[PDB]
>>> print(open('structure_12.txt').read())   # compact mmCIF, C-alpha atoms and all ligand atoms
# COMPACT_ATOMS: atom_id res chain seq x y z
CA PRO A 1 -50.59 16.56 18.63
CA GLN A 2 -50.40 16.91 14.82
CA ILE A 3 -47.75 19.33 13.59
CA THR A 4 -47.64 20.71 10.05
CA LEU A 5 -44.43 21.91 8.46
CA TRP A 6 -45.20 25.41 7.13
CA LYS A 7 -43.04 26.76 9.96
CA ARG A 8 -40.06 25.11 11.63
CA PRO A 9 -41.39 22.45 14.13
CA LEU A 10 -40.03 24.21 17.20
CA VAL A 11 -41.17 23.02 20.62
CA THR A 12 -40.36 23.79 24.23
CA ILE A 13 -38.30 21.18 26.04
CA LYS A 14 -37.30 20.91 29.71
CA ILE A 15 -33.86 19.53 30.49
CA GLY A 16 -31.85 19.76 33.70
CA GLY A 17 -34.83 21.70 35.00
CA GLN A 18 -34.38 24.44 32.38
CA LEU A 19 -36.67 25.35 29.50
CA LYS A 20 -35.31 25.63 25.93
CA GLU A 21 -36.70 25.67 22.38
CA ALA A 22 -35.71 22.77 20.10
CA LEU A 23 -36.39 21.52 16.58
CA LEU A 24 -38.15 18.20 16.00
CA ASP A 25 -35.84 16.72 13.37
CA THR A 26 -36.57 13.40 11.65
CA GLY A 27 -33.32 13.77 9.69
CA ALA A 28 -31.18 13.51 12.82
CA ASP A 29 -30.24 10.16 14.30
CA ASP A 30 -29.19 11.87 17.55
CA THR A 31 -30.25 14.74 19.82
CA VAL A 32 -27.82 17.68 19.89
CA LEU A 33 -28.22 20.76 22.08
CA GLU A 34 -26.29 24.02 22.29
CA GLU A 35 -23.67 24.47 25.03
CA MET A 36 -25.27 24.23 28.46
CA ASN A 37 -24.39 23.09 31.98
CA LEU A 38 -25.82 19.60 32.45
CA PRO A 39 -25.23 17.55 35.62
CA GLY A 40 -23.62 14.13 35.49
CA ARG A 41 -20.74 12.35 33.81
CA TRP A 42 -20.08 12.90 30.12
CA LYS A 43 -17.79 11.46 27.43
CA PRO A 44 -16.15 13.28 24.51
CA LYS A 45 -17.69 12.39 21.18
CA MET A 46 -17.80 13.67 17.63
CA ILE A 47 -20.87 13.94 15.41
CA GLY A 48 -21.10 14.77 11.72
CA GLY A 49 -23.63 16.73 9.72
CA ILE A 50 -24.05 18.49 6.40
CA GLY A 51 -21.06 20.76 6.87
CA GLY A 52 -18.62 18.46 8.63
CA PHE A 53 -17.94 17.22 12.17
CA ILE A 54 -18.15 18.90 15.58
CA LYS A 55 -16.98 17.92 19.06
CA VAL A 56 -19.71 17.23 21.61
CA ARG A 57 -20.17 16.05 25.20
CA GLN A 58 -22.19 12.84 25.34
CA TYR A 59 -24.55 12.57 28.33
CA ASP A 60 -26.30 9.23 28.83
CA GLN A 61 -29.67 8.53 30.46
CA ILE A 62 -30.75 12.15 30.63
CA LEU A 63 -34.34 13.07 31.39
CA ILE A 64 -35.90 15.43 28.86
CA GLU A 65 -39.52 16.55 28.58
CA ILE A 66 -40.71 17.35 25.05
CA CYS A 67 -44.07 19.13 24.93
CA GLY A 68 -45.04 17.33 28.11
CA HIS A 69 -43.86 13.90 26.92
CA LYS A 70 -41.01 12.40 28.92
CA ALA A 71 -37.96 10.78 27.34
CA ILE A 72 -34.82 9.43 28.98
CA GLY A 73 -31.85 8.97 26.70
CA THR A 74 -28.63 10.21 25.16
CA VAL A 75 -28.12 13.95 24.69
CA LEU A 76 -25.13 15.46 22.89
CA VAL A 77 -24.07 18.97 23.94
CA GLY A 78 -21.88 21.14 21.79
CA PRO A 79 -21.63 23.95 19.26
CA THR A 80 -24.62 23.07 17.12
CA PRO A 81 -26.34 25.97 15.32
CA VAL A 82 -29.80 24.89 16.56
CA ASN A 83 -31.12 22.62 19.34
CA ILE A 84 -32.17 19.39 17.59
CA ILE A 85 -34.38 16.56 18.89
CA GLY A 86 -33.41 13.50 16.92
CA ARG A 87 -34.87 10.08 16.35
CA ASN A 88 -33.34 8.57 19.49
CA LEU A 89 -35.85 10.60 21.49
CA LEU A 90 -38.64 11.10 18.91
CA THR A 91 -39.23 7.34 19.06
CA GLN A 92 -39.65 7.45 22.84
CA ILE A 93 -42.46 9.96 22.59
CA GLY A 94 -44.21 8.00 19.85
CA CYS A 95 -43.57 10.39 16.98
CA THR A 96 -44.32 9.31 13.39
CA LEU A 97 -44.43 10.99 10.00
CA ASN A 98 -47.76 10.86 8.20
CA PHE A 99 -48.83 11.85 4.71
CA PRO B 1 -48.52 6.21 4.60
CA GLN B 2 -47.23 6.21 8.17
CA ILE B 3 -43.46 6.18 8.66
CA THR B 4 -41.96 5.25 11.99
CA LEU B 5 -38.63 6.62 13.14
CA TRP B 6 -36.85 3.49 14.38
CA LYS B 7 -34.64 3.68 11.26
CA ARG B 8 -33.77 6.64 9.05
CA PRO B 9 -36.98 7.65 7.14
CA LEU B 10 -35.70 6.91 3.67
CA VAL B 11 -38.11 6.85 0.74
CA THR B 12 -37.82 6.54 -3.04
CA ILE B 13 -38.14 9.78 -4.96
CA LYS B 14 -38.41 10.40 -8.70
CA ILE B 15 -36.63 13.47 -10.01
CA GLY B 16 -35.30 14.52 -13.40
CA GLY B 17 -36.42 11.13 -14.68
CA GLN B 18 -34.29 9.26 -12.12
CA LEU B 19 -35.17 7.25 -9.02
CA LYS B 20 -33.25 7.96 -5.83
CA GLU B 21 -33.41 7.32 -2.09
CA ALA B 22 -33.92 10.34 0.13
CA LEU B 23 -34.43 11.22 3.77
CA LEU B 24 -37.68 12.87 4.89
CA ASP B 25 -36.30 15.63 7.12
CA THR B 26 -38.48 17.93 9.22
CA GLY B 27 -35.31 19.68 10.41
CA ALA B 28 -34.41 20.97 6.94
CA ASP B 29 -35.99 24.15 5.57
CA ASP B 30 -34.87 23.16 2.04
CA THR B 31 -34.38 20.05 -0.10
CA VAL B 32 -30.75 19.16 -0.84
CA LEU B 33 -29.80 16.40 -3.27
CA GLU B 34 -26.48 14.75 -4.09
CA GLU B 35 -24.57 15.93 -7.13
CA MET B 36 -26.60 15.41 -10.28
CA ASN B 37 -26.67 17.16 -13.64
CA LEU B 38 -30.02 18.90 -13.88
CA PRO B 39 -30.77 20.97 -16.99
CA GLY B 40 -31.58 24.64 -16.88
CA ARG B 41 -30.53 27.80 -15.13
CA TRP B 42 -29.44 27.79 -11.51
CA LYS B 43 -28.30 30.22 -8.80
CA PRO B 44 -25.37 29.78 -6.38
CA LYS B 45 -26.29 29.33 -2.73
CA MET B 46 -24.72 28.25 0.56
CA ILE B 47 -26.59 26.04 3.02
CA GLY B 48 -25.62 25.39 6.60
CA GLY B 49 -26.00 22.46 8.93
CA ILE B 50 -24.04 20.97 11.79
CA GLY B 51 -20.40 21.49 11.05
CA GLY B 52 -20.64 24.41 8.64
CA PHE B 53 -21.76 25.32 5.13
CA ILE B 54 -21.62 23.67 1.72
CA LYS B 55 -21.94 25.34 -1.68
CA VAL B 56 -24.97 24.26 -3.72
CA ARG B 57 -26.75 25.01 -7.00
CA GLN B 58 -30.32 26.26 -6.54
CA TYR B 59 -32.81 25.05 -9.19
CA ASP B 60 -36.35 26.44 -9.20
CA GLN B 61 -39.69 24.80 -10.01
CA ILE B 62 -38.39 21.24 -10.08
CA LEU B 63 -40.90 18.39 -10.01
CA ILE B 64 -40.27 15.62 -7.50
CA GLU B 65 -42.45 12.60 -6.86
CA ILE B 66 -42.20 11.34 -3.27
CA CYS B 67 -43.88 7.97 -2.71
CA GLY B 68 -46.37 8.78 -5.44
CA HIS B 69 -47.13 12.30 -4.16
CA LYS B 70 -46.03 15.10 -6.49
CA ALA B 71 -44.33 18.30 -5.33
CA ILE B 72 -42.88 21.28 -7.18
CA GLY B 73 -40.33 23.59 -5.68
CA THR B 74 -36.74 24.60 -5.22
CA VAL B 75 -34.10 21.87 -5.12
CA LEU B 76 -30.53 22.46 -4.04
CA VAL B 77 -27.81 20.27 -5.56
CA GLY B 78 -24.37 19.82 -4.08
CA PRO B 79 -21.93 17.65 -2.16
CA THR B 80 -24.32 16.47 0.52
CA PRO B 81 -23.72 13.05 2.09
CA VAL B 82 -27.42 12.16 1.82
CA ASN B 83 -30.42 13.25 -0.25
CA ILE B 84 -32.68 15.31 2.05
CA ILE B 85 -36.35 16.18 1.45
CA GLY B 86 -37.05 19.39 3.37
CA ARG B 87 -40.11 21.26 4.55
CA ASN B 88 -40.52 23.20 1.31
CA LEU B 89 -41.61 19.97 -0.35
CA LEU B 90 -42.93 17.99 2.66
CA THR B 91 -45.69 20.59 3.12
CA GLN B 92 -46.79 19.99 -0.46
CA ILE B 93 -47.35 16.27 0.11
CA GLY B 94 -49.35 16.96 3.27
CA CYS B 95 -46.79 15.48 5.67
CA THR B 96 -47.25 15.98 9.38
CA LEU B 97 -45.52 14.94 12.56
CA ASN B 98 -47.77 13.16 15.01
CA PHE B 99 -47.33 12.14 18.64
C1 LIG A 101 -31.77 25.91 7.67
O1 LIG A 101 -30.74 24.99 7.72
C2 LIG A 101 -31.13 23.72 7.26
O2 LIG A 101 -32.28 23.46 6.97
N1 LIG A 101 -30.07 22.72 7.17
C3 LIG A 101 -30.31 21.39 6.75
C4 LIG A 101 -29.55 21.14 5.45
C5 LIG A 101 -29.74 20.49 7.89
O3 LIG A 101 -28.57 20.27 7.97
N2 LIG A 101 -30.69 19.97 8.85
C6 LIG A 101 -30.27 19.10 9.98
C7 LIG A 101 -30.76 19.74 11.26
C8 LIG A 101 -30.15 21.17 11.32
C9 LIG A 101 -28.69 21.35 11.67
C10 LIG A 101 -28.14 22.77 11.68
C11 LIG A 101 -29.02 23.98 11.38
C12 LIG A 101 -30.49 23.78 11.04
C13 LIG A 101 -31.04 22.36 11.01
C14 LIG A 101 -30.94 17.74 9.87
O4 LIG A 101 -32.31 17.97 9.76
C15 LIG A 101 -30.50 17.02 8.62
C16 LIG A 101 -29.11 16.40 8.76
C17 LIG A 101 -29.05 15.50 7.53
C18 LIG A 101 -27.78 14.62 7.53
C19 LIG A 101 -27.90 13.15 7.82
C20 LIG A 101 -26.65 12.30 7.83
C21 LIG A 101 -25.30 12.93 7.53
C22 LIG A 101 -25.20 14.41 7.23
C23 LIG A 101 -26.43 15.28 7.21
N3 LIG A 101 -29.04 15.65 9.97
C24 LIG A 101 -28.01 15.94 10.92
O5 LIG A 101 -27.24 16.85 10.83
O6 LIG A 101 -27.99 14.99 11.98
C25 LIG A 101 -26.80 14.86 12.77
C26 LIG A 101 -27.41 14.69 14.30
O7 LIG A 101 -27.82 13.39 14.30
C27 LIG A 101 -26.88 12.62 13.36
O8 LIG A 101 -27.59 11.89 12.57
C28 LIG A 101 -27.22 12.35 11.05
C29 LIG A 101 -26.21 13.23 11.11
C30 LIG A 101 -26.14 13.76 12.52
>>> encode(input="structure_12.txt", output="structure tokens", more="lines below")
Ligand SMILES: COC(=O)N[C@@H](C)C(=O)N[C@@H](Cc1ccccc1)[C@@H](O)C[C@H](Cc1ccccc1)NC(=O)O[C@H]1CO[C@H]2OCC[C@H]21
Amino acid sequence: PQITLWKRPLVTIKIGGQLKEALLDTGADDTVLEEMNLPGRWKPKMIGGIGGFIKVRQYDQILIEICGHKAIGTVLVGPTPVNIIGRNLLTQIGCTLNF
Amino acid sequence: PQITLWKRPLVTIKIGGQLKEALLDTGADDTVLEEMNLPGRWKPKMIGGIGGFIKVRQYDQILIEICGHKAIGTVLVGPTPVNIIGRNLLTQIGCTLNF
């Protein structure tokens, strides 16, 4: 679809079989979700943003469905204030900015 | 134009008579620029991202040219690691996400 930016670009995602709301964020390199129980191995990692760094769990090769488009890639899980879909998965679903 | 998301979506902006590089960021409500001395009145504000909050100076009705498209709105100035163009100005240049 085509999404304007008058409101936050929130979409429903499906991950680990659960539905969540997440923000489509072109300013994020990486995808970061709030604390949740995901199956599989994970590695400790740190990620930095506007206010500093947080500790996250890095899950590799995770299936995530974003408005019906499938992606398989890295998901970081940790104490982010908002669920963020970053460029690592926006590219897989063919997302571009247009103006 | 059309901007893909393989790399950070950095563009040249013109503000306060100066040229800068900034990130087009659908995940930001507001526009936040690195420390710069802008003339006029301002209001204190705090803005939050991953990792916490930073203190910024809020300037109103600032003109910014983004790849030749003009926008006028609120600009926050403070110790951000990167210049961020947020939805308050992306809507004015007619920017959409498409997939
Ligand atoms: C209403 O609150 C706001 O609008 N807040 C605005 C200011 C804000 O912070 N928005 C972020 C999403 C967001 C986070 C928390 C709450 C609401 C929204 C992103 O849109 C922009 C940042 C920009 C940035 C790039 C490089 C280095 C530092 C900062 N990107 C980011 O934090 O990305 C992380 C994940 O991926 C990695 O890549 C870059 C850094 C890492």
>>> atom_distance(input="structure_12.txt", atom1="atom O1 of ligand LIG 101 (chain A)", atom2="atom CA of residue 98 of chain B")
22.0 Å
>>> closest_residue(input="structure_12.txt", among="B:67, B:5, B:62, B:22", to="chain A", atoms="all atoms listed in the file")
B:5
>>> atom_distance(input="structure_12.txt", atom1="atom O4 of ligand LIG 101 (chain A)", atom2="atom CA of residue 41 of chain A")
27.3 Å
>>> interface_residues(input="structure_12.txt", of="chain A", to="chain B", cutoff="7 Å", atoms="all atoms listed in the file", output="list in words")
residues 1, 2, 3, 4, 5, 6, 23, 24, 25, 26, 27, 48, 49, 50, 51, 52, 53, 54, 80, 81, 87, 91, 93, 94, 95, 96, 97, 98 and 99 of chain A
>>> calpha_fit_and_write(input="structure_12.txt", fixed="chain B", moving="chain A", output="short mmCIF file (atom, residue, chain, number, x, y, z; two decimals) with C-alpha atoms, in the frame of the given file")
data_model
loop_
_atom_site.label_atom_id
_atom_site.label_comp_id
_atom_site.auth_asym_id
_atom_site.auth_seq_id
_atom_site.Cartn_x
_atom_site.Cartn_y
_atom_site.Cartn_z
CA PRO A 1 -48.82 6.46 4.76
CA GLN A 2 -47.70 6.43 8.42
CA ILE A 3 -43.95 6.12 8.92
CA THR A 4 -42.33 5.20 12.24
CA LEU A 5 -38.80 6.22 13.10
CA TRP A 6 -37.06 3.01 14.21
CA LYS A 7 -35.14 3.13 10.92
CA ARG A 8 -34.13 6.18 8.90
CA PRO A 9 -37.25 7.42 6.95
CA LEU A 10 -35.76 6.73 3.53
CA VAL A 11 -38.05 6.88 0.50
CA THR A 12 -37.68 6.63 -3.25
CA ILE A 13 -37.99 9.89 -5.15
CA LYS A 14 -38.11 10.59 -8.90
CA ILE A 15 -36.40 13.73 -10.15
CA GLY A 16 -35.35 14.64 -13.68
CA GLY A 17 -36.78 11.26 -14.60
CA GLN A 18 -34.28 9.43 -12.37
CA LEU A 19 -34.94 7.42 -9.23
CA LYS A 20 -33.00 8.13 -6.00
CA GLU A 21 -33.34 7.39 -2.28
CA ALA A 22 -33.83 10.38 0.05
CA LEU A 23 -34.40 11.09 3.73
CA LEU A 24 -37.62 12.70 4.93
CA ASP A 25 -36.17 15.36 7.23
CA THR A 26 -38.37 17.63 9.36
CA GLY A 27 -35.22 19.35 10.66
CA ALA A 28 -34.33 20.74 7.23
CA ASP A 29 -35.89 23.93 5.93
CA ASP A 30 -34.71 23.09 2.40
CA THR A 31 -34.29 20.08 0.09
CA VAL A 32 -30.66 19.19 -0.69
CA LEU A 33 -29.59 16.41 -3.05
CA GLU A 34 -26.19 14.95 -3.92
CA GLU A 35 -24.43 16.08 -7.11
CA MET A 36 -26.51 15.19 -10.16
CA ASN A 37 -27.21 16.51 -13.66
CA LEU A 38 -30.49 18.43 -13.53
CA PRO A 39 -31.88 20.32 -16.55
CA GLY A 40 -32.63 24.02 -16.39
CA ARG A 41 -31.10 27.23 -15.09
CA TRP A 42 -29.52 27.31 -11.65
CA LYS A 43 -28.05 29.92 -9.30
CA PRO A 44 -25.11 29.55 -6.91
CA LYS A 45 -26.16 29.45 -3.28
CA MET A 46 -24.78 28.48 0.09
CA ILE A 47 -26.56 26.49 2.79
CA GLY A 48 -25.51 25.82 6.37
CA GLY A 49 -25.92 22.80 8.60
CA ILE A 50 -24.53 21.25 11.76
CA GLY A 51 -20.95 21.22 10.54
CA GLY A 52 -20.77 24.46 8.60
CA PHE A 53 -21.68 25.74 5.13
CA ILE A 54 -21.53 24.16 1.67
CA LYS A 55 -21.90 25.52 -1.86
CA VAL A 56 -24.95 24.35 -3.80
CA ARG A 57 -26.73 24.90 -7.12
CA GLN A 58 -30.24 26.25 -6.59
CA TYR A 59 -32.84 24.95 -9.06
CA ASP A 60 -36.29 26.55 -8.92
CA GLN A 61 -39.66 25.04 -9.84
CA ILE A 62 -38.39 21.49 -10.15
CA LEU A 63 -40.79 18.57 -10.34
CA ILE A 64 -40.10 15.84 -7.80
CA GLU A 65 -42.20 12.78 -6.98
CA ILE A 66 -41.94 11.54 -3.38
CA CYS A 67 -43.48 8.11 -2.83
CA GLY A 68 -45.94 8.86 -5.60
CA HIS A 69 -46.82 12.35 -4.32
CA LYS A 70 -45.89 15.19 -6.65
CA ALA A 71 -44.16 18.37 -5.50
CA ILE A 72 -42.84 21.28 -7.55
CA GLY A 73 -40.34 23.50 -5.81
CA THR A 74 -36.79 24.49 -5.00
CA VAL A 75 -34.07 21.83 -4.98
CA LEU A 76 -30.49 22.47 -3.90
CA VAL A 77 -27.79 20.27 -5.45
CA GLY A 78 -24.36 19.92 -3.95
CA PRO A 79 -21.99 17.91 -1.78
CA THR A 80 -24.41 16.89 0.93
CA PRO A 81 -23.67 13.60 2.73
CA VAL A 82 -27.26 12.35 2.25
CA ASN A 83 -30.19 13.28 -0.02
CA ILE A 84 -32.58 15.29 2.19
CA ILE A 85 -36.24 16.18 1.58
CA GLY A 86 -36.90 19.27 3.62
CA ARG A 87 -39.96 21.15 4.77
CA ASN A 88 -40.29 23.17 1.56
CA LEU A 89 -41.44 19.97 -0.14
CA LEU A 90 -42.80 17.99 2.84
CA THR A 91 -45.52 20.63 3.16
CA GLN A 92 -46.55 20.17 -0.48
CA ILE A 93 -47.20 16.48 0.04
CA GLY A 94 -49.17 17.09 3.22
CA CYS A 95 -46.68 15.66 5.69
CA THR A 96 -47.18 16.20 9.44
CA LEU A 97 -45.59 14.90 12.62
CA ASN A 98 -47.90 13.07 15.00
CA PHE A 99 -47.45 11.75 18.52
#
>>> residues_near_point(input="structure_12.txt", point="(-36.1, 21.6, 30.0)", cutoff="12 Å", atoms="all atoms listed in the file", output="list in words")
residues 11, 12, 13, 14, 15, 16, 17, 18, 19, 20, 21, 22, 33, 36, 37, 38, 62, 63, 64, 65, 66, 67, 68, 69, 70, 71 and 83 of chain A
>>> write_last_selection(input="structure_12.txt", atoms="C-alpha atoms", output="mmCIF file, in the frame of the given file")
data_model
loop_
_atom_site.group_PDB
_atom_site.id
_atom_site.type_symbol
_atom_site.label_atom_id
_atom_site.label_comp_id
_atom_site.auth_asym_id
_atom_site.auth_seq_id
_atom_site.Cartn_x
_atom_site.Cartn_y
_atom_site.Cartn_z
ATOM 1 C CA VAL A 11 -41.170 23.020 20.620
ATOM 2 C CA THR A 12 -40.360 23.790 24.230
ATOM 3 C CA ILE A 13 -38.300 21.180 26.040
ATOM 4 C CA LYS A 14 -37.300 20.910 29.710
ATOM 5 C CA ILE A 15 -33.860 19.530 30.490
ATOM 6 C CA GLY A 16 -31.850 19.760 33.700
ATOM 7 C CA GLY A 17 -34.830 21.700 35.000
ATOM 8 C CA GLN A 18 -34.380 24.440 32.380
ATOM 9 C CA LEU A 19 -36.670 25.350 29.500
ATOM 10 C CA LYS A 20 -35.310 25.630 25.930
ATOM 11 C CA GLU A 21 -36.700 25.670 22.380
ATOM 12 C CA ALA A 22 -35.710 22.770 20.100
ATOM 13 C CA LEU A 33 -28.220 20.760 22.080
ATOM 14 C CA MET A 36 -25.270 24.230 28.460
ATOM 15 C CA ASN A 37 -24.390 23.090 31.980
ATOM 16 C CA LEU A 38 -25.820 19.600 32.450
ATOM 17 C CA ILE A 62 -30.750 12.150 30.630
ATOM 18 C CA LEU A 63 -34.340 13.070 31.390
ATOM 19 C CA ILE A 64 -35.900 15.430 28.860
ATOM 20 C CA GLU A 65 -39.520 16.550 28.580
ATOM 21 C CA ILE A 66 -40.710 17.350 25.050
ATOM 22 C CA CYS A 67 -44.070 19.130 24.930
ATOM 23 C CA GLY A 68 -45.040 17.330 28.110
ATOM 24 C CA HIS A 69 -43.860 13.900 26.920
ATOM 25 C CA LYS A 70 -41.010 12.400 28.920
ATOM 26 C CA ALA A 71 -37.960 10.780 27.340
ATOM 27 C CA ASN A 83 -31.120 22.620 19.340
#
>>> closest_residue(input="structure_12.txt", among="B:43, B:78, B:35, B:72", to="ligand LIG 101 (chain A)", atoms="only C-alpha atoms and all ligand atoms")
B:78
>>> atom_distance(input="structure_12.txt", atom1="atom CA of residue 76 of chain A", atom2="atom CA of residue 31 of chain A")
6.0 Å
>>> build_atoms(input="structure_12.txt", residues="segment 55-67 of chain B", atoms="N, CA, C and O atoms", output="short mmCIF file (atom, residue, chain, number, x, y, z; two decimals), in the coordinates of the input")
data_model
loop_
_atom_site.label_atom_id
_atom_site.label_comp_id
_atom_site.auth_asym_id
_atom_site.auth_seq_id
_atom_site.Cartn_x
_atom_site.Cartn_y
_atom_site.Cartn_z
N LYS B 55 -21.47 24.59 -0.52
CA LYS B 55 -21.94 25.34 -1.68
C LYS B 55 -22.85 24.47 -2.54
O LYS B 55 -22.51 23.33 -2.87
N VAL B 56 -24.00 25.02 -2.94
CA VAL B 56 -24.97 24.26 -3.72
C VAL B 56 -25.44 25.08 -4.92
O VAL B 56 -25.24 26.29 -5.00
N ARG B 57 -26.09 24.39 -5.85
CA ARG B 57 -26.75 25.01 -7.00
C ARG B 57 -28.25 25.00 -6.76
O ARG B 57 -28.82 23.93 -6.54
N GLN B 58 -28.89 26.17 -6.78
CA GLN B 58 -30.32 26.26 -6.54
C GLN B 58 -31.07 26.22 -7.87
O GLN B 58 -30.86 27.09 -8.73
N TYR B 59 -31.95 25.23 -8.02
CA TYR B 59 -32.81 25.05 -9.19
C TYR B 59 -34.25 25.30 -8.76
O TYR B 59 -34.69 24.75 -7.74
N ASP B 60 -34.98 26.09 -9.54
CA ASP B 60 -36.35 26.44 -9.20
C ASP B 60 -37.38 25.62 -9.99
O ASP B 60 -37.11 25.13 -11.09
N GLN B 61 -38.53 25.42 -9.36
CA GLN B 61 -39.69 24.80 -10.01
C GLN B 61 -39.33 23.44 -10.58
O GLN B 61 -39.58 23.14 -11.74
N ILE B 62 -38.73 22.61 -9.75
CA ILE B 62 -38.39 21.24 -10.08
C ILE B 62 -39.48 20.31 -9.57
O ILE B 62 -39.89 20.40 -8.40
N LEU B 63 -39.90 19.37 -10.40
CA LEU B 63 -40.90 18.39 -10.01
C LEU B 63 -40.23 17.20 -9.34
O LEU B 63 -39.29 16.62 -9.89
N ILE B 64 -40.76 16.79 -8.21
CA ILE B 64 -40.27 15.62 -7.50
C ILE B 64 -41.47 14.80 -7.08
O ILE B 64 -42.44 15.35 -6.56
N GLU B 65 -41.40 13.50 -7.30
CA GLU B 65 -42.45 12.60 -6.86
C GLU B 65 -41.93 11.84 -5.65
O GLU B 65 -40.87 11.22 -5.72
N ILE B 66 -42.64 11.92 -4.54
CA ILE B 66 -42.20 11.34 -3.27
C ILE B 66 -43.26 10.31 -2.87
O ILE B 66 -44.38 10.68 -2.49
N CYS B 67 -42.92 9.03 -2.98
CA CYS B 67 -43.88 7.97 -2.71
C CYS B 67 -45.22 8.23 -3.39
O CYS B 67 -46.29 8.15 -2.77
#
